[PDB]
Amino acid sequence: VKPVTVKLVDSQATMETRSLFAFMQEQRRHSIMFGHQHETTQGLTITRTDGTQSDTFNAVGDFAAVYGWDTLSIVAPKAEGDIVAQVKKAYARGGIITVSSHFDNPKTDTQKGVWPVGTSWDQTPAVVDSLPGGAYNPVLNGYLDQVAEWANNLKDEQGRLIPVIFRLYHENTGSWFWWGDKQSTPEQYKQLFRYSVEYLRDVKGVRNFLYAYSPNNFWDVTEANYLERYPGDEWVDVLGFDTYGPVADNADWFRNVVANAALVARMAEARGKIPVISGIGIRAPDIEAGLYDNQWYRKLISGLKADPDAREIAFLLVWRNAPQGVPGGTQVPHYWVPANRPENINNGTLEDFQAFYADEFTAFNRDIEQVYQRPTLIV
């Protein structure tokens, strides 16, 4: 592997972090990596949550290449539990780590009791009041302090920092989160993102992050629409989006997936970024109703890879496999990787996912190599 020049948001990022960026720049035009939230910490078929098992592995015999987790595992009260050990195991396997940010609401987080009050899903606008000068800026800062302390101590067995793709304030073109589009002007959102990156990088000294931006899919798929709340090329390494679609009659939605992926791919080439799909799935209500699409993964890979732009995404990530679903009283299913168990055998979804795995263009953990020791230069 010969040296390549990289330009990161953090001009002082570690060599392994720079290498990860270089890796994806190359890899992305040869495969699409499979990602999974809570890959080794949540599953329907795992017997340990210590980082050694996954539903993916039990289904196809390899782990996801990209391992997603969240600030819900970092910032107090760490509702999703610590992940340091499991991150380290993933990295030691040569996996890639990404962490999203379901931050509590800085304006209302003392008021927790009746969900969703005080959480990401508390729609009370908190952007204006959380920027410097705002009354709740110290509360936001406390979250960021905890993210920085975690990152700054996230080290492998040799004492070297583990790179993370840190994704901030996602799905911001909708209004279900407190940083969303009813909660901020575009400028206020951009300031929230830039303030936060600067705080982590410059105030707290984080050196092992790449920064990802990911709005929702657009139905009017234009660069100008993506740019409206885009933080800017100085603030983003990874151009993503999230999209959740219907379980049935979904051809239009799949064309829209491909169109958004093509857009971010073209923008990423022009801007020196990595394009990804940071979160994609059948919408949770459909899965919770017991519904399924047993061609979903086959439609996904075939649509993406046929398109000359969309195929250039580095990875796509699907959400967590909740071991006991979510409350429906009863529990209802809440998972995205088909499990190796009677329900998914019988409904054809396990077969679908195994075909996705077998596809030449998908890459799972053993399919990626030389991720972190690639030589790089910076200007």
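Numbering starts at 1 and runs along the sequence shown.
Are any deposited residues left out of the model between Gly348 and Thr349, and how many (none, 1 to 3, 4 to 9, 10 or more)?
Nothing is missing.
Greater mean Cα temperature factor according to the PDB record, 174-182 or 242-250
For C-alpha atoms only, the mean B-factor is higher in 242-250.
Higher average CA B factor in the deposited record is what I'm after, so tell me if that's 95-103 or 113-121.
It is 113-121.
Of the choices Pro285, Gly279, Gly272, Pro132, which one's C-alpha carries the largest B-factor in the record?
Most elevated C-alpha B-factor of the set, per the entry: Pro285.
Which listed residue, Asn137, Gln295, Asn260, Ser196, has the largest C-alpha temperature factor in the record?
Checking the PDB record, the top C-alpha B-factor among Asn137, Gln295, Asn260, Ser196 is at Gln295.
Which third, lowest, middle or highest, does the C-alpha temperature factor of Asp237 belong to within its own chain?
CA B-factor rank for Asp237: lowest third.
Splitting the chain's C-alpha B-factors into thirds, which one does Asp70 fall into?
It falls in the bottom third of the chain.
In terms of the CA temperature factor given in the entry, to which third of its chain does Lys89 belong: lowest, middle or highest?
Tercile = middle for this residue's CA B-factor.
Taking the C-alpha B-factors as the PDB entry records them, is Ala310 in the lowest, middle or highest third of its chain?
Middle third of the chain for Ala310's C-alpha B-factor.
Taking the C-alpha B-factors as the PDB entry records them, is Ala22 in the lowest, middle or highest third of its chain?
Answer is lowest: the recorded C-alpha B-factor places it there.
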